[PDB]
């Protein structure tokens, strides 16, 4: 009668800042919007941007760890893709020019791993190009898939075609997401809903005859992304899974910093993606003996490679964040820490105070070290083991 979900887990990757290839823009925005939509459908979501091949492999391993018998598993990828000899390939940021299958992740490999975990659903939304990488010599010779009638593909374009994004100087959006976002929340069967998305996508003028949605499905059960989650977890195995999820979306506590000079510095943290965190420094209290003072954040772990142009900015938008000034507490100094999947170490930075005393020219510098542990996805220890 009613199809049920043991859990609903999603892994969303958005690559933009390619090292050897044209950088993209819509992946950030699309990822942000899919997460919010997928959360409304009660999904355990993992949002990640600009992953390298190694990094990409670990996100799949963390995602696989969250899938068990009956769990609805969804994968969304927005970035560079190629299709060779019936295999789809997602291209990581670190990819060389020219690249091969070795340099890339094969979707079919991810699918097999999911089937090994007895998942109820296997949805794949590949928002990438699907042309031949003429430079790819290697043909993976992959093992046959087990017939499980729960596999669903939402290809943004068709084989040998391109998926497009509108790069309008402001936000920038992806074409697949423009038609998907308005229909995702519907209680239709996943296949039926994807096909209704395909119709509205044909009505697109910008892409007509260049990009069309391609649905491939084996699904033989009225399963949908709206299907309810087996009420009371109460199972020991179900409890381990909720801990493992919670382990990745832990944000540092908004601390207050007291300085030897009697100055108070409020330190706030915001979440943008599992990979992205925003710090803000507000000067909450200062003694009468000091009137001039600016608080600034420095000495970040070199693993993170934090550009100075993305740190200590008057507004969050100046750091590159998708989050806007109405979402983030007003008047602080905002700093964007993307690439947390690069943190092997514990997060330690210095909150540096440059100040001045009444009636003196000299500029005083009070540096205070801050250890915020492993925020968000850093806490998963993706670099763990030998």
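Positions refer to the first chain, counted from 1.
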Regarding 85-93 and 167-175, which shows the higher C-alpha temperature factor on average in the entry? 167-175
Hey, which bit's got the bigger mean C-alpha B factor in the entry, 43-51 or 346-354? 346-354
From 230, 108, 218, 274, pick the one with the largest CA B-factor in the entry? 230
Maximum C-alpha temperature factor per the entry, among 209, 316, 268, 288, belongs to which one? 288
Residue 38 - Cα temperature factor, lowest/middle/highest third of chain: lowest
Could you tell me which third, lowest, middle or highest, the C-alpha B-factor of residue 280 occupies within its chain? middle
How does the C-alpha B factor of residue 112 compare with the rest of the chain: lowest, middle or highest third? lowest
Compared with the other modelled residues in the chain, in which third is the CA B-factor of residue 32? middle
Thinking about Cα B factors across the chain, which third does residue 17 belong to? middle
